[PDB]
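Before any questions on how it binds or moves, here is one chain, the form deposited in one PDB entry, in structure tokens.
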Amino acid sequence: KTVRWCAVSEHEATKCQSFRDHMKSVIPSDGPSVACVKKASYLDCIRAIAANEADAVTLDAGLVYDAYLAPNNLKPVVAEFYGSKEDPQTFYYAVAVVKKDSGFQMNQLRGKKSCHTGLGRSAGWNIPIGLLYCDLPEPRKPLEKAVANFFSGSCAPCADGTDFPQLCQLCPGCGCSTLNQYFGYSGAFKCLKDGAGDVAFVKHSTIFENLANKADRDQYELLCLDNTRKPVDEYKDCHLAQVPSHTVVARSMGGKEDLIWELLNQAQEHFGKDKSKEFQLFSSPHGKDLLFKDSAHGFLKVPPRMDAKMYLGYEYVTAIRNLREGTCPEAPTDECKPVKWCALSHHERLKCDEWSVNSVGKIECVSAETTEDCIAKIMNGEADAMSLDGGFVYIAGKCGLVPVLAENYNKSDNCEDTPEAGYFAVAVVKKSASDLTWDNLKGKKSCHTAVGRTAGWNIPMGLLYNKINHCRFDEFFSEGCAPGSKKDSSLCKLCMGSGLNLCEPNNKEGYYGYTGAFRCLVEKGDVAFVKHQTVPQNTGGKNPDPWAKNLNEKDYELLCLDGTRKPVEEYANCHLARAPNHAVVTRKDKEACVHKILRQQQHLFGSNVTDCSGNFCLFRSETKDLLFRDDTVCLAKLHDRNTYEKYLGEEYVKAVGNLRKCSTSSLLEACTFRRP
């Protein structure tokens, strides 16, 4: 129940011993305890933790990468933040500030003039040079010279002015102190402001400290990785890298992550930032930043699904990898790199393999255990693309990935250029129902197609969430039939079909499905949640069966979320949410290649050629829906709907968002932490 903290210096160990002590005084002898293992350096601390001779240490982003690498394999368990918990600042963004209308993007930096905070610094050197690495001229070692030739001239504080002069061209001597006006963050920004340099590599907040007036700021832009610019305040959605400020790592297996959280959580409680002048956790008389930076305000537990690569982030890991390794592709230069497609099942891997061979290298396969694991892989580069359903296009989007092509199902001869939007989920009731309105449903009787389903649950049950704020849905409706709820719940008390299949999510449950929930409306409930076509299909006699043969379309009305009502006829203006088609998602940096490669593939192996017999077919499956949905006609180009927020639709996103409040998703809670 004790946590062995690692200190990299006598001072730090003294502070640690104080920590240990003041944590004994009032903290049940059943509550966490601190032991102090003293090591000579960070690497020795990282090693101690992996060799199970210590348990935790706090490191800068760079050592968080090192700690993650074999054979240590350590992960981020607790984070240090710098604001209020309303605006807990745990990250910071390495951004590239430039002057408005100077016309050039990240990939057009050769020749330009650079301003770096200081050589060896994070945001100001390691990250930018890292990414830029493959664009530097060989020999790339020594690095300093190679950067000197890349740029036309720059101000690289602390660089070797003597040997590679052009690096102090904007600041002769390269002074490594405030003496040199272009040193440090502000020094680098000023280098840009004074117009000595074209681009200045600094922190996101750097410009917000050198220009108090939005007016002047509006004259500066930030270079983004997809070779486009954006307003300095849109840094979160345009930066070279996202860096964790200060992180606490542990072992990946074992590691006592939970115990560690229980320690520091309480610690920050008894000695938080004001909590006491007896013992200050984020400061010391013996020094500064001992154990934890002094600027700290508190701690935050890191979602368990997270690994260093996820925590550090794609861009960051990319930058550091290059520096650490140095490995470029003197391969073509423009010819698209093969698309690695992630498979979910054995049968998926098998179909993907058949596909890979037939594509002749343009398609490759990667196998992950679950949809979320595939998403983590597309996230960190181990994989590039895969098709997802609404719920996952949402999750994937929270994680930074983006929808690129949507799966099309209907109107077949115009396909390739017209993204389908979906099938409107509508709430239904009988016109002969008393004033029933959207915001009136409480205590009513419900009819659902089945729990978990989109049109009959997630969407409706998802919007209704803002009218409760708790996940106990069975106790909102007086009663109802929701195939799948617990056999006893109120959601099961209106379901017919007896025996073992009472309230079961299969057709043996009469009230199951679209048609089934309608019958459930007609025979026991006042509200049914289906889709826009469900009624026209089950009226006008279009349905033989007893209970339906005489039902008439006009005897019903679908509820509109603004309280009013409208005719089943114009569902288009009175639905709950749209409900999308499956979409291929991929990383922003691979978006281009995915379009080119897939269009050419759906060409060669699409629904076009029907001789699936003696050749390959992208849309047919040995099993069922492998890789794509079998009823897929083509992959549409999501022209401008290329972001989950623009492809899903506010209503849908609102709902799905609300539901993930009830059903966790470790991957989502992790991506949320890094950004949302």
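The first residue of the sequence shown is number 1, and the count goes up from there. Note that the rigid core is defined as the largest set of C-alphas that superpose within 1.5 Å between two forms.
As for the form deposited in another entry, it is not shown, yet the points below apply to it.
Visitor: Among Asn501, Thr90, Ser152, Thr318, whose C-alpha is off by 2 Å or more between the shown form and the other one on a rigid-core fit?
Guide: So the residue whose C-alpha moves 2 Å or more is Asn501.
Visitor: Once the core is aligned, does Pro71 move its Cα by at least 2 Å between the shown form and the other one?
Guide: No: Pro71 shifts by under 2 Å between the shown form and the other one.
Visitor: Does the C-alpha of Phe299 move 2 Å or more between the shown form and the other one once the rigid core is lined up?
Guide: Shift at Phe299: below 2 Å after core fit.
Visitor: Taking 2 Å as the cut-off, check whether the CA of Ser25 shifts that much or more between the shown form and the other one after a rigid core fit.
Guide: Result for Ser25: yes, a 2 Å-plus shift.
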